[PDB]
Amino acid sequence: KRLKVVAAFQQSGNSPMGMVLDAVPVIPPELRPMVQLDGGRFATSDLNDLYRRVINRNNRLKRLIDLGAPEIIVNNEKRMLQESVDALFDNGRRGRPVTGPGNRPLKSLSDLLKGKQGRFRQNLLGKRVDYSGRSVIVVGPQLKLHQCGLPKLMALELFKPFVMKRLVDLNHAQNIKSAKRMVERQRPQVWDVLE
Amino acid sequence: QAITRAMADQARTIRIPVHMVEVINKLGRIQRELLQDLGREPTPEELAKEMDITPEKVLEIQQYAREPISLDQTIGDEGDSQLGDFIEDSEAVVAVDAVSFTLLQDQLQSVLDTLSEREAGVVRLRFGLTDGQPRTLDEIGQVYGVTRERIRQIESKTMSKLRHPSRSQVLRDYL
Amino acid sequence: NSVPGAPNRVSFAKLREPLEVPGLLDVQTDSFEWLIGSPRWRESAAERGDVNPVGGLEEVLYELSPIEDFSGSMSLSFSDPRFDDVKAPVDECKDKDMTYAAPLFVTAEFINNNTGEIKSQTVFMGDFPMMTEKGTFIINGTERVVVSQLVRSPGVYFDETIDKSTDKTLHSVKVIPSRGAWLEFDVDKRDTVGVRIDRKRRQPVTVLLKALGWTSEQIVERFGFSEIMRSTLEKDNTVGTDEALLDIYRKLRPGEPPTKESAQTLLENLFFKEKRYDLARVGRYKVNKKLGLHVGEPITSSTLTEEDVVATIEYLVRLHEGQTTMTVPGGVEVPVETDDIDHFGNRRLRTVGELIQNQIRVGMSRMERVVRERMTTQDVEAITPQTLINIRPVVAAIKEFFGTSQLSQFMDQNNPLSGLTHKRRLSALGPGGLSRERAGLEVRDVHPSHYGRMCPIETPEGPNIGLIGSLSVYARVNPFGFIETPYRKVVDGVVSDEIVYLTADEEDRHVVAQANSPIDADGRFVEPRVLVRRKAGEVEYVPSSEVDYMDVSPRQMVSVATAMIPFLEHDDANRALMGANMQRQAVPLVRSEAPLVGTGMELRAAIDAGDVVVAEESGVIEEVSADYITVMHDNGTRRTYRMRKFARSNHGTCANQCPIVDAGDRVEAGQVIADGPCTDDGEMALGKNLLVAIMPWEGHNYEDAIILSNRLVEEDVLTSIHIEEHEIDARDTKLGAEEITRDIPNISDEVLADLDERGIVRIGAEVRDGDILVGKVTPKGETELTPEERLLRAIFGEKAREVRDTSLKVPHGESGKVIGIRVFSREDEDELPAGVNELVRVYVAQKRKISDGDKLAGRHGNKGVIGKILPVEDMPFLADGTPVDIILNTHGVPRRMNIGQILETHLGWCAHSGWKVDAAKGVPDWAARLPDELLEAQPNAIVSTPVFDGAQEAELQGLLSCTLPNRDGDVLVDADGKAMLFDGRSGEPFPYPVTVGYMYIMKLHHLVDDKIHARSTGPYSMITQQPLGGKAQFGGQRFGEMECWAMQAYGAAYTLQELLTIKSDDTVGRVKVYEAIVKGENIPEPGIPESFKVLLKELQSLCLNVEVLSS
Amino acid sequence: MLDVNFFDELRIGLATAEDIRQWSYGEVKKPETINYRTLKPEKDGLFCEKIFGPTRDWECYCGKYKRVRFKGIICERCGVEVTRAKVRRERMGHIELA
Ligand SMILES: [Zn+2]
C-alpha cells in the first residue's frame, strides 16, 4: 500500500513538496460573483467568506510573528490558519463544518465538484439548452407516424430567427427590428411565413 | 478596544469604517431602547430627532447596515435548487442586439457611401467611427488641407443632406 | 340533517350515528386557546384536568421564573400574561400587509433578597400574532397555515434484535428525552451489558450503579436472579465510588483532569438537573406509565430520577430473561414487552401550541441569558425590570418561526376543501422530524394504530408518500399531545350511547367491534361471531359477550377529503388515494353546481371551512345586496355581513361570494347565508354534473384521454376566473428617484391610450403579453453613447432621453382585463419598507375557458387531459336527442380497478331522471331495507351515499329497473344500465348499447395556459453561461445526462455537440449562430464550452496543475 | 493552450508554489471586497481590478482611459491593464502564507 504511492512519486518527475502548501491560489472573481439584487440586497457565493477568513488569519499571523508573541499564541494562530485552509479546500471534512448565517454548511471548493449538484454531473454532462420548449401532450390519432402536432405559439417562439429572416426577405418588415416587433406583437402576416 | 475595533473592520463582508459603524450601533441601540418605552417601532423622523441630524441620513445609514446574502442557500421550502440559479447575467451579450448593431453598421456604411466621399470621411472621423477617437476640426483640416470653417460648412452640408427623408425613413426605423 | 338551511339530501344510510362530526377545525382553534389561555379553554380544562389549569404562556413563564444572580440576593420573576385587543381587523391587515397580531403584556416582580424591595412593572412583551376564526395566521398580508408535526414522544423504548451469528436475542433501550443526553442500555454480543452514555462505547453497568452511592452489596441484592448482570457485576474490576466517578469522567469529559467532587456534581448536572436534561411533561408521564413509578401523583420534577434508572435496568434485564411482568419495589406491576416506535401510543402530535411554545421557550432562554448577564453588571437599587428586559429576542424568535420555516407554510387555498385539508394535516418533516432521505420504508407504512386517528388513504403520491397525512374525521387531540378517537362501549352485549375516548395504547387492552354491525336496537349482535380488532391489530371472530367497544360510526378511519368520495368501498386503495388528492386541487368555477350523488360530509365540510357566510345570530333579513347583507336580529340590533367579491386566492383563483337569501326571509343561527367559491346552497360543489358515455370513441379518448362537447365551452359549464397580481416598486437610488410617470421614452401612442396621466393602466382595460402596465422610469446614469446613436439623433432630432425605461410589462403568455389597482407611497404616510417610496400592485383577471390539455378528473381516481373538444353534431346522442357531454375510455376502468365510479354513474342517472318504486302489492324484496322517502324521487333529485354504508348493488339495480321518464314516454336506459345511442358522425345507430349516466367531473388546477413554455434566446446564469430554468425566468429545458445517453446511443454526434456547446454554452458560438441563421448563412463550427473553462479554473484553484497539451 | 478545440491530451498533477505564483496576476493581501459607498472594488482586495482586470470594459480605476484605442497598455496610476472585461473570469490571484 505504501509502495503504491511511493513508486508514483518516484517514477513521475514531481517533487512531493506539493504535499505541503505555502502559497494558496485565488479563484477568479467572476467565478465567485458579488451581485446586487433588485432591492439593494447583495449576494455572494460563500467563497468570499472563506477567502476573507484565510486573509484575516494570515494577516494576524503576520502581525503576531513580526511583533513577537509567546509561542502558544503563535501556535494557536498557525492552527487557525491550517483549519481555515482546511475549510476553504474542503468544508466539513475534518471536524464540524464552518458555518455562516442561517446555520448551514458553507460550500467549499470540494463541495462544488461532488455529487449530483456538483459541476461534473450538473453543468458539464447535462446542460440547459436554448431553442427548446415543453407542453402537455394530447393524443393525435389523425396524425401520420412521422408527424407530430405543435402549438402555434410554441412554434413561433422556437422558430423566431427563422421566421424573422423569412419575413424580412419577403418585405413584410423593412428591417430586423421591425420583424422582431411584428413577431412579439404577433401580426397576422407572421403566421403564414411561420407555416 | 481591540475586540471592538476588530469586529468593526473585520466582521463584515462589506467592510465599513468604524467612524460610522459607531452610528449604526448607536442607531440600533436607541431605536430598540425607545421601542419598548413607546410600544411601537420608532419612525425614522423621531429617530432623527434623537440623532440631531436629518432623517434622510437615517434612511441612508439604515440601508447601509444591510449585510449581503448567500448565493448558495436553498431558496425553496423543499431542497432542490440554490439562489444563484435564478440570477440573470447582465453582462452577457444579448445575441439579438449584436446582430442588430451589425446590420445598423451595414446600413450606416451604405448611407455614408451613398453620400460624397469627402463628406463621408469628414463625418466618419468627426464621430470616430473607423478609429477609436473622434477628432476636432483642425485635424480634419490638416488631413484634408482646408480651414476649419470649410469643415464646419461641409458638416452643415452633411446633416442637411442627411435630413433627406430617403435616408431619414430608412434609418429612423432602426430604433 | 340538524342544519337550519340544509338542502334535502336523502340518504341510503342504514344505521344512525350517535354523535355528529365535531368541528373539523378544533385541532387548530383549541390548541391556540390552550396557548393563550382564553376563558373558553379555561372552562374546557375545568372538567378535563382542572387539577392544574395552566396555559402554554403561563407554563413557560412559570418555568422561567424565578431568575436570580450568582449571589441569590437579587432576582426577577414573571407572572400574569395578559393580552390586548388586535391592532386591526383581518381584512385591513390582509390589505396593507401587516401581521394580524396583538400586544402582549406581562407583570414582572423584581425582588432583592438582600434588603427587600418590590417593583411590579407591566412590561410590553411584544407583538404576538393571533389566530383567526378560520385557524389561519396572517403574516405580512399573506395567509399562512401551520401544520401539526408527528415526532417520537420522549420516554423509554425497549427493543429486540437478532445477532444473526448464534441467533441469540438481544434487548436494547434508548431513553430519548428532549433536550438531554441519551442513555443506551443493552445486552452486548457477549454476556455482559452495554451502558452507552452520550455515545461512548465502554463501561458496563458496574460503574453506573456504583456511581449512584451504592456498592457491590446493593447490586448483588437487587440482581441475584439475573445471571447476566451477576456475571457483569463479577466483571466489575473496579472498587471505589471515586474510582467509578473518575472512570466515568474519562468517558464523559476527557481533556480535563478529574477531581473528587467534579464527577459527582457532573453526573447530577448531566442527568438529574432539569437544565441540561429535562424530558418534557409528556416524557415524565410516559416513563411513569411505562414503569409504573407514580400512578396517582401530580406532574412535577420533569428531570429524570434515580429510581427511573433502576427501574429501566430491572425492566431491561427482566426482558432479556423473557419475563412477562415486572413489579418495581414501590410501584404497580407492568407487563414487559418491546416498544414499537410507529405505534400511535408512542408518536405524539406537536400542534400549533407546542411549536409556538418551543419557539417562545427559545426566546425566553435567550431572555434569561441576557437578563442574567445584565443583573450583575449594574449596581443594586439602580436597576429596574424595564432595563433588565430587552424584548428583541422574543419577537425575533416568533418572526423566525412564522417565516422561513417549513412547518408553517403558505396556505393551499384554491377551493374550500384544500383549505380544510391543509389544516388538520399531520406532517413528519422539519425540526425534530425526519427528512425524506432520513425516512425508511417502515415509517411510510400504515400502522394498525392509524385506524380512527390518521386516515390511511389521504397522502400525497410524490416522494412524501406516507410521511405526511391528514387527520381523521372523528379524531381528537388529548390535552397531552397524544391522539385520541371516540368509541361506544358495549357491556354484556348491550350497546350504550355513552361515548368514551381512547388513545392508541388504550385500545390494545380492549376489543373494539365492527362499525357496521347487525345491531338490533337492544345492543345484541344477532350472530355471536363479530369482526373485531384485537390487541395487536389482528382481525378475528369472537363471541359477542366478551367484546367491550365498538366504532362510533362508519367512515371513522377516513379523513374529510376521502369521506366525500361516493362508493369508496368499491375502489382500490391507490385510486381512492389519487382521487382524494385531486379533490384538493379542483378549481372554483363560475356557477358551482351541487353534485347529484355525494356524501353527507359535503355540507359540513363546506360549512366549517369558514368561507361561507353563516348567520351567527338568528333573525329576519333587513336587506340583501351583492356587496353586503343586513340582518335584523330578534333583539332589536342588526348586523351587516360585508360580502367579499372577486378576491384573489393564494393560487390565483376566484373567491366570489353570492348571497342565497331574499330580502324578507328568516334565517336561524347557524344557517348558511352566502356561498363561497365552490359551494351551492352551502354544500361543497367542486365540479359539474356531466352526462357520460363510456364508449371508446375513434381514438380521441385513447390512453385516459377524455373528449368533450362544445356545449361545455358555449354554455360556460367549465370555465374559471383567474386573477394575477403584479407588484412593482419605485425606490430611492444614488441616481436619484424612479418616477411612476407617463414620461416613457420612445413609445408609440396606440399603446399609450389605456394609461392615465398618473402613469398606470385604466381600470377595466384589456392588456396582453408585452403590454405596459405601470410607467416607471429610472435615471439611466451614463454609458457608452454609440457614435451611431449620435448620427441617429442627428437624422430625426431625437433627444438623448437621459433615463432608462425599465417599466413593468405583462410577462409572456397571459392577458385579460384589470380588476384593481392598489398604490402606496411615503407621502401617503404609509408603512412602506425603508428604501422604496412608491409601490403599486395591479390585478389582472381573465375568464379562462376550457381547452385542449386542461386536466379533468372524477373523484374516483380517473384522470386525463382533454383530447379534443368536438362540436355538438359529432356526439353520440340517445333516442331523445340529447348529446352526451363527456366521453371517457372503457379500457381504463377494469384494469385500473375503479369500478366505483360506474356505480356512481348509474346512481347519478337514476337521481337525474327520477324514479319511483311501485308500492302497490307491498314493497319489493330489495327495497325492504331501503328507507322510506327513498321509494320516490322527482327528476333532478339529489341523493347521498355514506362511503362505507351506502347503496348496495341490489338496491341500485332495483332503482335502475324503475327510472320514470321526464317529459316523453321514453325509458332510455334498460334494466342493466346500458342504453342505445345514435352516432353523430355517420348517423347510423351503434351496434351495441353502452352505459350512460350523470357523472360528477371537476377541472383541476393544471391548465395548459400555465403549462406551455418555449424560448429561443433568453438570459443566462452568472458563473456558467447556461440558460436559467423555470417559468418566471425565460427558462430553457434541462438536457440531462440521461438524454445524453440516448443521443450517444443513437450515434448522433453532431446533434449532441450542437445541443451542448453552441445551443447552451459557447457564448461566441451563440452569437455567431444567431447572426448566421438571421443572415441566412451556414451555421459555423461549434467552439469550446465555457463551463469546461470554468471547471479548469476551479480545479486550478484547488492546487491541481491542470494544463491541456496541443501535442 | 490556445483553446481552439485542437487537443491531444489533458494532464493533471501536483502544483508547487512556483506554479501557484506563476498563475497569479498579483498577490491579494487585504480582506476587502467592495467599498460600502462607492460600490467599487478595492486595491489588493479579493476583487481588486489591478490583479483580476477591469470590471468595466476598457477603463482603469480613475478612468484615465475610456477608449477602445487603448489596448494592452497597463496604466501607470493603478496598474489596471486596460482590456476586455471578461478577464475577470480568466485571471487568478494568490496568497502568500505566513
Ligand atoms: Zn485605472
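Pairs linking a residue in segment C:728-751 that is more than 14 Å from chain B (Cβ to nearest Cβ) to a residue that is among the small types (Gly, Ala, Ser) and surrounded by fewer than 16 Cβ atoms within 10 Å (Cβ to Cβ), with Cβ atoms under 7 Å and 6 or more positions apart or on different chains, are C:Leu735/C:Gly781. For segment C:156-168, a residue qualifies if it is touching a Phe, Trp or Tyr at 6+ places or on another chain (Cβ under 9 Å) and either assigned to a strand (DSSP E or B) or under 30 Å from C:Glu831 (Cβ atoms) (or both), and exactly one does: C:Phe158. Residues considered: D:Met1, D:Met92. Of these, the only one that is away from the ligand (no atom under 16 Å from the Cβ), loosely packed, with under 14 Cβ neighbours inside 10 Å and not aromatic (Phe, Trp, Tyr) is D:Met1.
For A:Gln122, the stated conditions do not hold, so it cannot be described as away from chain C (no Cβ under 11 Å) and surrounded by 13 or more Cβ atoms within 10 Å (Cβ to Cβ). Among residues of segment C:508-549 being of a type in the set (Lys, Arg) and over 12 Å from C:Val495 (Cβ atoms), the one that is surrounded by the most Cβ atoms within 10 Å (Cβ to Cβ) is C:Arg533.
Residues in segment A:164-190 that are part of a loop (DSSP other than H, G, I, E, B) and more than 11 Å from chain C (Cβ to nearest Cβ): A:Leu170, A:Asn171, A:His172, A:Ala173, A:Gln174, A:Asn175, A:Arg187. Among the candidates B:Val58, B:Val93, the residue that is farther than 27 Å from D:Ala85 by Cβ and more than 13 Å from chain A (Cβ to nearest Cβ) is uniquely B:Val58. Criterion applied to C:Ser301, C:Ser262 was being hydroxyl-bearing (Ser, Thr, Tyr) and either loosely packed, with under 12 Cβ neighbours inside 10 Å or closer than 30 Å to C:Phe482 by Cα (or both), and the one residue passing it is C:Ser301. The single condition among (1) more than 14 Å from chain B (Cβ to nearest Cβ); (2) in contact with a strand residue (DSSP E or B) (Cβ under 8 Å, 6 or more places away or on another chain); (3) not hydroxyl-bearing (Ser, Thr, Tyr) that D:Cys62 does not meet is (2). Screening A:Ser110 with (1) touching a strand residue (DSSP E or B) at 6+ places or on another chain (Cβ under 6 Å); (2) within 9 Å of chain C (Cβ to nearest Cβ); (3) small (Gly, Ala, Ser) gives one miss only, at (1). Scanning segment C:796-826 for residues being farther than 19 Å from C:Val774 by Cα and outside any loop (DSSP other than H, G, I, E, B) gives a total of 1. Given the condition within 7 Å of chain D (Cβ to nearest Cβ), farther than 30 Å from B:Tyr64 by Cβ and in contact with a helix residue (DSSP H, G or I) (Cβ under 9 Å, 6 or more places away or on another chain), answer yes or no: does some residue in segment A:56-72 qualify? Within segment A:56-72, one or more residues are within 7 Å of chain D (Cβ to nearest Cβ), farther than 30 Å from B:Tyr64 by Cβ and in contact with a helix residue (DSSP H, G or I) (Cβ under 9 Å, 6 or more places away or on another chain).
Do we find that D:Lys43 is within 27 Å of C:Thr786 (Cα to Cα) and either surrounded by fewer than 16 Cβ atoms within 10 Å (Cβ to Cβ) or within 16 Å of the ligand (Cβ to nearest atom) (or both) in this structure? Taking the combined requirement at face value, the residue does not satisfy it. Here C:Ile356 clears all of (1) free of Cβ contacts under 8 Å to residues at least 12 places away in the same chain; (2) under 29 Å from C:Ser472 (Cα atoms); (3) among the β-branched types (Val, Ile, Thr) except the condition numbered (1).
Of all residues in segment D:67-87, which are more than 10 Å from the ligand (Cβ to nearest atom) and without any contact (Cβ under 8 Å) to a residue 24 or more places away in the chain?
D:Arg67, D:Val68, D:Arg69, D:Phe70, D:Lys71, D:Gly72, D:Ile73, D:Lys86, listed by residue number.
Within segment C:386-405, does at least one residue satisfy the condition of being surrounded by fewer than 16 Cβ atoms within 10 Å (Cβ to Cβ), under 26 Å from C:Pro177 (Cβ atoms) and under 20 Å from the mean Cα position of the chain (by Cα)? Yes: segment C:386-405 contains one or more residues that are surrounded by fewer than 16 Cβ atoms within 10 Å (Cβ to Cβ), under 26 Å from C:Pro177 (Cβ atoms) and under 20 Å from the mean Cα position of the chain (by Cα).
Condition check for D:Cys60 on (1) surrounded by 14 or more Cβ atoms within 10 Å (Cβ to Cβ); (2) over 20 Å from B:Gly132 (Cβ atoms); (3) within 13 Å of the ligand (Cβ to nearest atom): one failure, at (2).
The residues in segment C:59-74 that are of a type outside the set (A, V, I, L, M) and buried (at least 18 other Cβ atoms within 10 Å of the Cβ) can be counted, and the count is 1.
Does segment D:25-33 contain any residue that is part of a loop (DSSP other than H, G, I, E, B) and out of contact with any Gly (no Cβ under 8 Å at 6 or more places or on another chain)?
Yes; the residues of segment D:25-33 include at least one that is part of a loop (DSSP other than H, G, I, E, B) and out of contact with any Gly (no Cβ under 8 Å at 6 or more places or on another chain).
Within segment A:152-163, identify whether any single residue is at the interface with chain C (Cβ under 10 Å from one of its Cβ atoms), under 27 Å from C:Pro1027 (Cβ atoms) and of a type in the set (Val, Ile, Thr), and answer yes or no. No, there is no match, as no residue in segment A:152-163 is at the interface with chain C (Cβ under 10 Å from one of its Cβ atoms), under 27 Å from C:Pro1027 (Cβ atoms) and of a type in the set (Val, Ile, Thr).
Summed over segment C:923-947, the residues that are surrounded by fewer than 17 Cβ atoms within 10 Å (Cβ to Cβ) and in a loop (DSSP other than H, G, I, E, B) give a count of 11.
Taken as a whole, segment C:725-737 holds no residue that is in a helix (DSSP H, G or I), farther than 22 Å from C:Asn862 by Cβ and touching a helix residue (DSSP H, G or I) at 6+ places or on another chain (Cβ under 9 Å).
Applying the criterion of being within 13 Å of the ligand (Cβ to nearest atom) and part of a loop (DSSP other than H, G, I, E, B) to the residues of segment D:46-56, the residue that is surrounded by the most Cβ atoms within 10 Å (Cβ to Cβ) is D:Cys48. The condition of being of a type outside the set (D, E, K, R) and more than 30 Å from C:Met582 (Cα to Cα) holds for only one of C:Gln1026, C:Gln1037, that being C:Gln1026.
Scanning segment D:1-24 for residues that are of a type in the set (A, V, I, L, M) and in a loop (DSSP other than H, G, I, E, B) turns up D:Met1, D:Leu2, D:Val4, D:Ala15. Being among the β-branched types (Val, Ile, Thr) and in contact (Cβ under 8 Å) with a residue 40 or more places away in the chain is the filter here; which residues of segment C:288-335 pass it? Result: C:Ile299, C:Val309, C:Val310, C:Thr312, C:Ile313, C:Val317, C:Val332, C:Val334. Do you know which residues across segment C:1088-1111 are of a type in the set (D, E, K, R) and within 8 Å of chain D (Cβ to nearest Cβ)? Within segment C:1088-1111, C:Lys1093, C:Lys1097, C:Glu1107 meet the criteria. Looking for whichever is under 30 Å from A:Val139 (Cα atoms), in contact (Cβ under 8 Å) with a residue 60 or more places away in the chain, in a strand (DSSP E or B) and within 14 Å of chain A (Cβ to nearest Cβ) here; the options are C:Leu691, C:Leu708. Which one fits? So the residue among C:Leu691, C:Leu708 that is under 30 Å from A:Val139 (Cα atoms), in contact (Cβ under 8 Å) with a residue 60 or more places away in the chain, in a strand (DSSP E or B) and within 14 Å of chain A (Cβ to nearest Cβ) is C:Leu708. Determine whether D:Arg91 is within 8 Å of another protein chain (Cβ to nearest Cβ) and within 16 Å of the chain's Cα centre (by Cα). Yes: the conditions hold for D:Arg91.
Laboratory data are not the source of any read-out in this text; all were calculated from the coordinates shown. Reconstructed Cβ throughout: ideal geometry from the backbone, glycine too, with neighbour counts over all protein chains shown.
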